[PDB]
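Counting neighbours? That spans all protein chains shown, and the Cβs are built from the backbone with ideal geometry, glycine included. Any read-out appearing in this document is the output of simple, stated calculations on the displayed coordinates, not a laboratory observation.
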Ligand SMILES: Nc1nc2c(ncn2[C@@H]2O[C@H](COP(=O)(O)OP(=O)(O)OP(=O)(O)O)[C@@H](O)[C@H]2O)c(=O)[nH]1
């Protein structure tokens, strides 16, 4: 169909250009719809990562086209970043545009509560955006929301705040996670020394939370009593840990002391305690600790294995760690939980195993135990990962003698952990930190080295060990190809949500997580570097493939593991 | 992508249109005109590309007779030892761009674009072709608002696993927009998936795809489904109620809602939708005259811009009788203006240039003021720069008469007079050709008086709007 106007100037567009470019025509930004060229540029601008410094041209364009940008729910964040709050006329317009925008996604609404949005109408609005999220999503973000208190105006609490508190009084699951988060900040002595206004603020936050709960009904007061009971329980575990920690001797003597003390309800009141919601998981109601099963691990900090008696008479396992700062793991495991949720949002079930972590103090807390066998024991006892799987998930019809479904969970889970460990740059890649389950689930332990901190010379770029590759059947196996395909899928899916990850890390810049506190200004930036948003989709996949080749040929990785094994053998 | 054109001497690389893992699309110049080339890089030569090439040749033969269907005209297996290339005619605009390029499509143009999409699906089904990738990015629109569905990609995988969708980024998501116009039934449970690459498409599948494409047109460029909302649609976890509630036209909204239906048994045939909406979402004028008359211009026999103007001029009396009757009749005229305006920029003969002006003069009294100022006014000033002095004079005569008919000034043209009308003809008052200066002197008084009438109306409207 020959078209005569194929290569000719668009005369209708040129006409509107002459009238829209006229300085005599007063800015009618309400009816302005961007042309194709403006839309393509606008799409790039609305997609920028929060760390990218915006030029002046985007703010004037977005304002000029402010009535057009009102149809993008995700553009409210970019438009408001362009508005020059110093001009009251522009501010009145900026506040007027905000009220008409299509309500943005809650995932993006966390960005408006960061310290960067200081306008009280904007912050009361940001709370209005968070006000629409479901409690089930809020529980995934409460860790970040409480950190967001670092950016709020401390004076309104001493006198957005009402919104966060209002939801907790209705749902006990949120109240539990909120409560422990507020307690953790109220005990951080480092914050009291570095920012006494904030520490006193946190004292006010813990106090304010108590005041709001106090005004509730008897059932809410009962909720309060449970928190008071909760406080006594954690205090007992800390005292017990101190009594057990003071006992100089072999693991057996400490274990006997731990079990006897847990059993001695008359002195420790830990064998039989009042009904308390479990600190690690507020959805499970507990009656006490099982003394006979509490044991100390052979770690430098000797974690305690604790089995909690559930209301129904069941056993809920939890780990109490003393001597380690679990706040880093708490945030990270929250991030792992969030990464897992995003993949499932796209129906990409990577079979992630997000183990729960809860810091109960700046030095101790509860962590969920996931059934797994240490890789050091697996490698020492069975020789190869396939021998391990053949023993626990034998399937005559499955790949490599392992049930195809079990192998599928292993491949998906291995890929999921492999991608998340690349994204987070986990450094402490010792064989003690990888746990493998009989059902194929893979999870990481001991995140003592994160954000790229690696004491070893020439570390491999991605956590893919020769034993892990042999676990998938080798470079010639179908599962190894299925693993790689899932990695590309996950990389692209997470690349799409790099904005959410950078939004959450931005709220943690003022959170004294060891690897964040080392370079807080660069914390949000480090996550962006892992999203590699600068590469195209083709280059990113080419890069990921190159990454596997670069990681597989790193001969030096095997040498460092043997040296570490020799040092651990001498320490044991 | 441009590097692949170095081996094709009949195609000269022009611009890159997009790059994905599956297909890299670029525009090239050929002896026949502009062409879109999708280049598939052959990484594994053991792939049975001959089987796909034969399928594409079958598509060309099956779709050769469809007027609203554009199959791949050329498939090259070994165009280069590195890649196989597909060639098809280039269309001025894709539907994705057309929505944001001025003039903005009026209600009558929106109905016409929807009507042509349905006609393309109906024709493809009767011709034995199923699209399998019906999206707003594949429904092309020509300079005369003729819709051509292009990029028949029978090589794309038909079925995708629901549980492992990541494998769809190269098959379905080449453009990274996360827009999914695949029929819901084409996602299948991954326990089956771990010949769906080319499982025979049900007609109900294309109806689903057309509904998403038809929806994007009615949602101002707003996609109908995102991957999460669409997968949730198949699983019942998502429904694009917000976007569907965005279809302002109730008649167009009903048609769209039914076509993107998740259950194939509820999707009708393309011919049934045209019949169901005949006289409702699509006025009768589209079927009886617009489609048959307009089909002459989309035919293989090329009508030059000059010939098109003469053909329209010859039929002008019949067009007005068919569109206005003896007398909502203006609804059809918006579409009619598009045929003339698409030609004014390529007219070569003086006889045609005058004829084009005659058409504008006869149609001008029958168009809405918004259409007069937006679609007619810009072309007359273009003709005012024509090489024929008689044309420059007539352009001024035409512009003077057309503007005297403007009784209402659109909000976008309040300052059209001082910055576009008056400054646009100002160069005519000093033209080298005495006939032009004569036409200027003969009309300068009329142009000024017309602009003054406009200013008085704007002032009265502003006074009334201030008192509102
Ligand atoms: N203006 C214009 N745009 C075009 C033309 N050809 C393709 N495009 C656009 O450029 C992009 C090319 O990517 P496509 O592969 O066609 O995207 P798609 O239609 O979603 O994918 P398919 O269903 O496989 O065709 C799309 O936005 C097309 O709309 C053209 O001839 N003119």
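Would it be correct to say that residue A:485 is in a helix (DSSP H, G or I), surrounded by fewer than 19 Cβ atoms within 10 Å (Cβ to Cβ) and within 14 Å of chain B (Cβ to nearest Cβ)?
On the way: in a helix (DSSP H, G or I): yes; surrounded by fewer than 19 Cβ atoms within 10 Å (Cβ to Cβ): yes; within 14 Å of chain B (Cβ to nearest Cβ): yes.
Spelling it out, residue A:485 is indeed in a helix (DSSP H, G or I), surrounded by fewer than 19 Cβ atoms within 10 Å (Cβ to Cβ) and within 14 Å of chain B (Cβ to nearest Cβ).
Every residue in the range B:138-154 that is assigned to a loop (DSSP other than H, G, I, E, B), in contact with a helix residue (DSSP H, G or I) (Cβ under 8 Å, 6 or more places away or on another chain) and near the ligand (Cβ under 9 Å from one of its atoms), please.
Correct list: B:138, B:152.
Tell me, which helices (runs of 4 or more DSSP H) wholly within the range B:206-273 include 1 or more residues that are touching a helix residue (DSSP H, G or I) at 6+ places or on another chain (Cβ under 8 Å) and within 20 Å of residue B:158 (Cα to Cα)?
Values: elements: B:227-235, B:241-244, B:250-259.
Hits in the range B:206-273: B:227-235, B:250-259.
Just a yes or no: is a residue in the range A:394-411 assigned to a loop (DSSP other than H, G, I, E, B), touching a strand residue (DSSP E or B) at 6+ places or on another chain (Cβ under 7 Å), on the phi < 0 side of the Ramachandran plot and surrounded by fewer than 22 Cβ atoms within 10 Å (Cβ to Cβ)? Give the derivation first.
First, the residues of the range A:394-411 that are assigned to a loop (DSSP other than H, G, I, E, B): A:395-398, A:403.
Filter once more, so that each one left must be touching a strand residue (DSSP E or B) at 6+ places or on another chain (Cβ under 7 Å): A:395.
Going one step further and asking which of them are on the phi < 0 side of the Ramachandran plot, we end up with A:395.
Filter once more, so that each one left must be surrounded by fewer than 22 Cβ atoms within 10 Å (Cβ to Cβ): A:395.
Yes, some residue in the range A:394-411 is assigned to a loop (DSSP other than H, G, I, E, B), touching a strand residue (DSSP E or B) at 6+ places or on another chain (Cβ under 7 Å), on the phi < 0 side of the Ramachandran plot and surrounded by fewer than 22 Cβ atoms within 10 Å (Cβ to Cβ).
Quickly run through the range B:98-131 and pick out the residues that are assigned to a helix (DSSP H, G or I), away from chain A (no Cβ under 14 Å), within 16 Å of the ligand (Cβ to nearest atom) and over 11 Å from the mean Cα position of the chain (by Cα).
Once the filter is applied, which keeps residues that are assigned to a helix (DSSP H, G or I), away from chain A (no Cβ under 14 Å), within 16 Å of the ligand (Cβ to nearest atom) and over 11 Å from the mean Cα position of the chain (by Cα), the range B:98-131 yields B:121, B:124.
Given A:343, A:306, which one is within 14 Å of chain B (Cβ to nearest Cβ) and crowded, with 17+ Cβ neighbours inside 10 Å?
Sole residue among the options that is within 14 Å of chain B (Cβ to nearest Cβ) and crowded, with 17+ Cβ neighbours inside 10 Å: A:343.
Taking the options B:168, B:193, B:187, B:239, name whichever one is within 14 Å of chain A (Cβ to nearest Cβ) and surrounded by fewer than 18 Cβ atoms within 10 Å (Cβ to Cβ). Break it down into steps so the answer makes sense when it comes.
Working: B:168 fails: surrounded by fewer than 18 Cβ atoms within 10 Å (Cβ to Cβ); B:187 fails: surrounded by fewer than 18 Cβ atoms within 10 Å (Cβ to Cβ); B:239 fails: within 14 Å of chain A (Cβ to nearest Cβ).
After applying the criteria, what remains is B:193.
Out of A:14, A:25, report the one residue that is part of a helix (DSSP H, G or I) and farther than 30 Å from residue A:108 by Cα.
A:14
Run down B:66, B:41, B:75 and say which single residue is within 16 Å of the ligand (Cβ to nearest atom) and in contact with a helix residue (DSSP H, G or I) (Cβ under 6 Å, 6 or more places away or on another chain). Outline the logic, then answer.
Values: B:66 fails: within 16 Å of the ligand (Cβ to nearest atom); B:41 fails: in contact with a helix residue (DSSP H, G or I) (Cβ under 6 Å, 6 or more places away or on another chain).
Answer to the check: B:75.
If I ask for residues that are part of a loop (DSSP other than H, G, I, E, B) and within 7 Å of chain B (Cβ to nearest Cβ), which ones from the range A:34-56 would you list? I'd like the intermediate steps shown before the answer.
Keep residues of the range A:34-56 that are part of a loop (DSSP other than H, G, I, E, B), which gives A:34-35, A:47-55.
If the condition is that a residue be part of a loop (DSSP other than H, G, I, E, B) and within 7 Å of chain B (Cβ to nearest Cβ), then A:34, A:35 are the ones that fit.
Just to check your reading of the model, which residue among A:556, A:531 is away from chain B (no Cβ under 14 Å) and farther than 24 Å from residue B:18 by Cβ? Before the answer, list the steps.
Values: A:531 fails: farther than 24 Å from residue B:18 by Cβ.
Every option except A:556 fails the conditions.
Among the residues that make up the range B:7-23, is at least one of them away from chain A (no Cβ under 13 Å) and within 13 Å of the ligand (Cβ to nearest atom)?
First, pick out the residues of the range B:7-23 that are away from chain A (no Cβ under 13 Å): B:7-13.
If we keep only those that are within 13 Å of the ligand (Cβ to nearest atom) as well, we get none.
There is no residue in the range B:7-23 that is away from chain A (no Cβ under 13 Å) and within 13 Å of the ligand (Cβ to nearest atom).
Regarding residue A:255, is this residue touching a helix residue (DSSP H, G or I) at 6+ places or on another chain (Cβ under 6 Å) and either exposed (fewer than 13 other Cβ atoms within 10 Å of the Cβ) or part of a helix (DSSP H, G or I) (or both)?
Numbers: touching a helix residue (DSSP H, G or I) at 6+ places or on another chain (Cβ under 6 Å): no; either exposed (fewer than 13 other Cβ atoms within 10 Å of the Cβ) or part of a helix (DSSP H, G or I) (or both): yes.
Here the answer is no, as residue A:255 does not meet what is asked.
Looking at the range B:27-37, is at least one residue more than 12 Å from the ligand (Cβ to nearest atom) and within 12 Å of chain A (Cβ to nearest Cβ)? Outline the logic, then answer.
Pass one, the range B:27-37, residues more than 12 Å from the ligand (Cβ to nearest atom): B:29-32.
Within this subset, residues satisfying the condition of being within 12 Å of chain A (Cβ to nearest Cβ) are B:29, B:32.
Within the range B:27-37 (the criterion being more than 12 Å from the ligand (Cβ to nearest atom) and within 12 Å of chain A (Cβ to nearest Cβ)), the answer is yes, since at least one residue qualifies.
Please indicate, with yes or no, whether at least one residue in the range A:311-324 is within 14 Å of another protein chain (Cβ to nearest Cβ) and assigned to a loop (DSSP other than H, G, I, E, B).
So the first thing to find is which residues in the range A:311-324 are within 14 Å of another protein chain (Cβ to nearest Cβ), and the list is none.
The answer is no; no qualifying residue exists.
Looking at the range B:155-164, which of the residues that are part of a loop (DSSP other than H, G, I, E, B) and in contact with a helix residue (DSSP H, G or I) (Cβ under 6 Å, 6 or more places away or on another chain) is nearest to the ligand (Cβ to nearest atom)?
Step one: list which residues in the range B:155-164 are part of a loop (DSSP other than H, G, I, E, B), which gives B:155-159, B:162-164.
Adding the requirement that they be in contact with a helix residue (DSSP H, G or I) (Cβ under 6 Å, 6 or more places away or on another chain) leaves B:155, B:157-159, B:162-164.
Numbers: B:155: 9, B:157: 11, B:158: 13, B:159: 16, B:162: 20, B:163: 23, B:164: 21 Å.
Once the filter is applied, the top-ranked residue is B:155.
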